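Participant: This one is structure36.pdb, PDB, C-alpha atoms and all ligand atoms.
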MODEL        1
ATOM      1  CA  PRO R   1     270.979 191.287 -93.788  1.00  0.00           C
ATOM      2  CA  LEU R   2     270.631 193.974 -91.114  1.00  0.00           C
ATOM      3  CA  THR R   3     273.569 196.375 -90.724  1.00  0.00           C
ATOM      4  CA  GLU R   4     274.492 198.481 -87.703  1.00  0.00           C
ATOM      5  CA  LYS R   5     272.986 201.451 -89.541  1.00  0.00           C
ATOM      6  CA  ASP R   6     269.808 199.398 -89.936  1.00  0.00           C
ATOM      7  CA  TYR R   7     269.817 198.670 -86.213  1.00  0.00           C
ATOM      8  CA  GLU R   8     270.087 202.395 -85.464  1.00  0.00           C
ATOM      9  CA  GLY R   9     266.861 202.780 -87.432  1.00  0.00           C
ATOM     10  CA  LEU R  10     265.188 199.895 -85.600  1.00  0.00           C
ATOM     11  CA  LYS R  11     266.020 201.495 -82.263  1.00  0.00           C
ATOM     12  CA  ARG R  12     264.647 204.862 -83.402  1.00  0.00           C
ATOM     13  CA  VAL R  13     261.383 203.250 -84.530  1.00  0.00           C
ATOM     14  CA  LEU R  14     261.086 201.342 -81.249  1.00  0.00           C
ATOM     15  CA  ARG R  15     261.762 204.491 -79.214  1.00  0.00           C
ATOM     16  CA  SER R  16     259.130 206.422 -81.169  1.00  0.00           C
ATOM     17  CA  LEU R  17     256.530 203.779 -80.314  1.00  0.00           C
ATOM     18  CA  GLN R  18     257.606 203.567 -76.666  1.00  0.00           C
ATOM     19  CA  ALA R  19     257.135 207.359 -76.337  1.00  0.00           C
ATOM     20  CA  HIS R  20     253.670 207.308 -77.937  1.00  0.00           C
ATOM     21  CA  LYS R  21     250.813 208.058 -75.552  1.00  0.00           C
ATOM     22  CA  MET R  22     248.876 204.984 -76.710  1.00  0.00           C
ATOM     23  CA  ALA R  23     251.763 202.531 -76.256  1.00  0.00           C
ATOM     24  CA  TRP R  24     251.286 202.215 -72.491  1.00  0.00           C
ATOM     25  CA  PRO R  25     249.562 198.748 -72.535  1.00  0.00           C
ATOM     26  CA  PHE R  26     252.452 197.357 -74.615  1.00  0.00           C
ATOM     27  CA  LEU R  27     255.563 198.664 -72.825  1.00  0.00           C
ATOM     28  CA  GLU R  28     256.128 195.563 -70.674  1.00  0.00           C
ATOM     29  CA  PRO R  29     255.050 191.909 -70.628  1.00  0.00           C
ATOM     30  CA  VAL R  30     251.436 191.598 -69.519  1.00  0.00           C
ATOM     31  CA  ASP R  31     250.997 191.179 -65.776  1.00  0.00           C
ATOM     32  CA  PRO R  32     248.307 188.472 -65.335  1.00  0.00           C
ATOM     33  CA  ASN R  33     246.724 190.616 -62.604  1.00  0.00           C
ATOM     34  CA  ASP R  34     246.059 193.257 -65.297  1.00  0.00           C
ATOM     35  CA  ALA R  35     244.498 190.840 -67.811  1.00  0.00           C
ATOM     36  CA  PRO R  36     242.481 187.880 -66.532  1.00  0.00           C
ATOM     37  CA  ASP R  37     243.383 184.595 -68.240  1.00  0.00           C
ATOM     38  CA  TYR R  38     245.680 186.498 -70.630  1.00  0.00           C
ATOM     39  CA  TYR R  39     248.198 183.661 -70.901  1.00  0.00           C
ATOM     40  CA  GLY R  40     245.381 181.150 -71.326  1.00  0.00           C
ATOM     41  CA  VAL R  41     244.214 183.095 -74.375  1.00  0.00           C
ATOM     42  CA  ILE R  42     247.449 184.385 -75.936  1.00  0.00           C
ATOM     43  CA  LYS R  43     249.894 181.636 -76.874  1.00  0.00           C
ATOM     44  CA  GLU R  44     252.753 183.855 -78.160  1.00  0.00           C
ATOM     45  CA  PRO R  45     253.075 187.020 -76.075  1.00  0.00           C
ATOM     46  CA  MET R  46     255.208 189.958 -77.153  1.00  0.00           C
ATOM     47  CA  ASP R  47     255.850 193.447 -75.799  1.00  0.00           C
ATOM     48  CA  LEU R  48     258.050 196.451 -76.484  1.00  0.00           C
ATOM     49  CA  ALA R  49     260.519 195.753 -73.659  1.00  0.00           C
ATOM     50  CA  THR R  50     261.121 192.269 -75.058  1.00  0.00           C
ATOM     51  CA  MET R  51     261.665 193.846 -78.480  1.00  0.00           C
ATOM     52  CA  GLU R  52     264.108 196.318 -76.943  1.00  0.00           C
ATOM     53  CA  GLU R  53     266.115 193.450 -75.467  1.00  0.00           C
ATOM     54  CA  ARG R  54     266.147 191.731 -78.874  1.00  0.00           C
ATOM     55  CA  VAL R  55     267.319 194.922 -80.611  1.00  0.00           C
ATOM     56  CA  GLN R  56     270.107 195.426 -78.078  1.00  0.00           C
ATOM     57  CA  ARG R  57     271.253 191.794 -78.418  1.00  0.00           C
ATOM     58  CA  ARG R  58     271.160 191.948 -82.254  1.00  0.00           C
ATOM     59  CA  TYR R  59     268.624 189.100 -82.262  1.00  0.00           C
ATOM     60  CA  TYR R  60     267.053 190.041 -85.609  1.00  0.00           C
ATOM     61  CA  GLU R  61     268.641 188.929 -88.882  1.00  0.00           C
ATOM     62  CA  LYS R  62     266.017 190.479 -91.176  1.00  0.00           C
ATOM     63  CA  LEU R  63     263.683 193.462 -91.036  1.00  0.00           C
ATOM     64  CA  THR R  64     260.744 191.068 -91.538  1.00  0.00           C
ATOM     65  CA  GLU R  65     261.522 189.457 -88.167  1.00  0.00           C
ATOM     66  CA  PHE R  66     261.402 192.814 -86.369  1.00  0.00           C
ATOM     67  CA  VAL R  67     258.122 193.673 -88.091  1.00  0.00           C
ATOM     68  CA  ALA R  68     256.667 190.263 -87.213  1.00  0.00           C
ATOM     69  CA  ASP R  69     257.329 190.799 -83.497  1.00  0.00           C
ATOM     70  CA  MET R  70     255.720 194.245 -83.597  1.00  0.00           C
ATOM     71  CA  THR R  71     252.697 192.900 -85.482  1.00  0.00           C
ATOM     72  CA  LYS R  72     252.305 190.170 -82.848  1.00  0.00           C
ATOM     73  CA  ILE R  73     251.848 192.847 -80.169  1.00  0.00           C
ATOM     74  CA  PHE R  74     248.964 194.396 -82.086  1.00  0.00           C
ATOM     75  CA  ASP R  75     247.407 191.094 -83.198  1.00  0.00           C
ATOM     76  CA  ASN R  76     247.502 189.703 -79.645  1.00  0.00           C
ATOM     77  CA  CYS R  77     245.797 192.830 -78.309  1.00  0.00           C
ATOM     78  CA  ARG R  78     243.006 192.731 -80.903  1.00  0.00           C
ATOM     79  CA  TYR R  79     242.510 188.998 -80.317  1.00  0.00           C
ATOM     80  CA  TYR R  80     242.289 189.299 -76.521  1.00  0.00           C
ATOM     81  CA  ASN R  81     240.142 192.485 -76.405  1.00  0.00           C
ATOM     82  CA  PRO R  82     236.779 193.335 -77.963  1.00  0.00           C
ATOM     83  CA  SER R  83     236.794 195.914 -80.713  1.00  0.00           C
ATOM     84  CA  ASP R  84     235.098 198.568 -78.558  1.00  0.00           C
ATOM     85  CA  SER R  85     237.826 198.274 -75.899  1.00  0.00           C
ATOM     86  CA  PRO R  86     240.190 201.226 -75.415  1.00  0.00           C
ATOM     87  CA  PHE R  87     243.010 198.664 -75.500  1.00  0.00           C
ATOM     88  CA  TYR R  88     241.952 197.464 -78.952  1.00  0.00           C
ATOM     89  CA  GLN R  89     241.888 201.064 -80.150  1.00  0.00           C
ATOM     90  CA  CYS R  90     245.419 201.588 -78.793  1.00  0.00           C
ATOM     91  CA  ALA R  91     246.566 198.814 -81.141  1.00  0.00           C
ATOM     92  CA  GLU R  92     244.729 200.345 -84.100  1.00  0.00           C
ATOM     93  CA  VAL R  93     246.279 203.782 -83.547  1.00  0.00           C
ATOM     94  CA  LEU R  94     249.772 202.523 -82.766  1.00  0.00           C
ATOM     95  CA  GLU R  95     249.898 200.083 -85.695  1.00  0.00           C
ATOM     96  CA  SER R  96     248.947 202.876 -88.099  1.00  0.00           C
ATOM     97  CA  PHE R  97     251.749 204.984 -86.606  1.00  0.00           C
ATOM     98  CA  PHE R  98     254.202 202.067 -86.844  1.00  0.00           C
ATOM     99  CA  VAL R  99     253.361 201.288 -90.480  1.00  0.00           C
ATOM    100  CA  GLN R 100     253.887 204.940 -91.411  1.00  0.00           C
ATOM    101  CA  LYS R 101     257.252 204.973 -89.608  1.00  0.00           C
ATOM    102  CA  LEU R 102     258.314 201.830 -91.501  1.00  0.00           C
ATOM    103  CA  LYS R 103     257.826 203.648 -94.812  1.00  0.00           C
ATOM    104  CA  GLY R 104     260.703 205.916 -93.760  1.00  0.00           C
ATOM    105  CA  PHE R 105     263.153 203.060 -94.383  1.00  0.00           C
TER     106      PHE R 105
HETATM  107  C1  LIG F 201     249.856 197.228 -62.476  1.00  0.00           C
HETATM  108  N1  LIG F 201     250.499 196.889 -63.751  1.00  0.00           N
HETATM  109  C2  LIG F 201     251.681 196.058 -63.493  1.00  0.00           C
HETATM  110  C3  LIG F 201     250.924 198.105 -64.472  1.00  0.00           C
HETATM  111  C4  LIG F 201     249.789 199.136 -64.572  1.00  0.00           C
HETATM  112  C5  LIG F 201     248.654 198.773 -65.532  1.00  0.00           C
HETATM  113  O1  LIG F 201     249.234 198.287 -66.749  1.00  0.00           O
HETATM  114  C6  LIG F 201     248.364 197.635 -67.635  1.00  0.00           C
HETATM  115  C7  LIG F 201     248.917 197.117 -68.792  1.00  0.00           C
HETATM  116  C8  LIG F 201     248.126 196.455 -69.720  1.00  0.00           C
HETATM  117  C9  LIG F 201     246.768 196.291 -69.476  1.00  0.00           C
HETATM  118  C10 LIG F 201     245.989 195.622 -70.496  1.00  0.00           C
HETATM  119  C11 LIG F 201     244.668 195.254 -70.349  1.00  0.00           C
HETATM  120  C12 LIG F 201     243.997 194.642 -71.446  1.00  0.00           C
HETATM  121  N2  LIG F 201     242.589 194.206 -71.385  1.00  0.00           N
HETATM  122  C13 LIG F 201     241.734 194.709 -70.256  1.00  0.00           C
HETATM  123  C14 LIG F 201     241.817 193.688 -69.090  1.00  0.00           C
HETATM  124  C15 LIG F 201     240.960 194.185 -67.907  1.00  0.00           C
HETATM  125  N3  LIG F 201     241.395 195.545 -67.503  1.00  0.00           N
HETATM  126  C16 LIG F 201     240.718 196.672 -67.777  1.00  0.00           C
HETATM  127  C17 LIG F 201     241.423 197.704 -67.242  1.00  0.00           C
HETATM  128  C18 LIG F 201     242.552 197.187 -66.620  1.00  0.00           C
HETATM  129  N4  LIG F 201     242.520 195.842 -66.792  1.00  0.00           N
HETATM  130  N5  LIG F 201     244.628 194.415 -72.552  1.00  0.00           N
HETATM  131  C19 LIG F 201     245.880 194.791 -72.627  1.00  0.00           C
HETATM  132  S1  LIG F 201     246.686 194.494 -74.205  1.00  0.00           S
HETATM  133  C20 LIG F 201     248.482 194.256 -73.852  1.00  0.00           C
HETATM  134  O2  LIG F 201     246.083 193.368 -74.929  1.00  0.00           O
HETATM  135  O3  LIG F 201     246.547 195.727 -74.988  1.00  0.00           O
HETATM  136  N6  LIG F 201     246.577 195.374 -71.661  1.00  0.00           N
HETATM  137  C21 LIG F 201     246.200 196.835 -68.323  1.00  0.00           C
HETATM  138  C22 LIG F 201     246.996 197.499 -67.384  1.00  0.00           C
ENDMDL
END
Kindly present the structure from the file in structure tokens form.
Facilitator:
Amino acid sequence: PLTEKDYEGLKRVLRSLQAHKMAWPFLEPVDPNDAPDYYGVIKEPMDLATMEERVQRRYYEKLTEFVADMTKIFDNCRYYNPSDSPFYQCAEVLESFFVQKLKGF
């Protein structure tokens, strides 16, 4: 499974996404005042602060579980927003960055 060395890598990946200029819509759980009907559209929300809590609590047993949470952030964004939205493009850019960082493992 995941070792403590693995978790050091997970935290570094998470921090690199949190510092990215296009991560700002994903840093915290969506405030419904920022996204009308968001929680009527998105049935399984996820955000980077929730992922940080899960990393710190050693919630993940496998790398696939960490990657699934991250992918949910991007999939939720592209489902909720039209493809010409700046928010949708944030997900496209940040997922490309994330997938490249994952190759470093
Ligand atoms: C005041 N607040 C606590 C903190 C300051 C503002 O923080 C945010 C965070 C996320 C959004 C936002 C929006 C949106 N779709 C657009 C909905 C309509 N809209 C257009 C512009 C603003 N709202 N999709 C998404 S996402 C998570 O699917 O990419 N995230 C917006 C603001």
Participant: List as a list in words the protein and nucleic acid residues lying within 6 Å of ligand LIG 201 (chain F), with only C-alpha atoms and all ligand atoms counted.
Facilitator: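 Counting only C-alpha atoms and all ligand atoms, the residues within 6 Å of ligand LIG 201 (chain F) come out as residues 25, 26, 30, 31, 34, 35, 77, 80, 81 and 87 of chain R.
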Participant: So which residues touch region 4-9 of chain R within 8 Å, counting all atoms listed in the file, skipping near sequence neighbours fewer than 2 positions away, as a list in words?
Facilitator: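 Surrounding residues, per the criterion: residues 2, 11, 12, 13, 55, 58 and 105 of chain R.
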Participant: Could you expand the PyMOL selection byres (((chain R and resi 16) around 12) and not hetatm) into the explicit residues it covers here, written as a list in words?
Facilitator: residues 9, 10, 11, 12, 13, 14, 15, 17, 18, 19, 20, 21, 22, 23, 27, 48, 94, 97, 98, 100, 101 and 102 of chain R
Participant: At what distance in Å, to one decimal, does CA of residue 84 (chain R) lie from CA of residue 45 (chain R)?
Facilitator: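 Between these atoms lies a distance of 21.5 Å.
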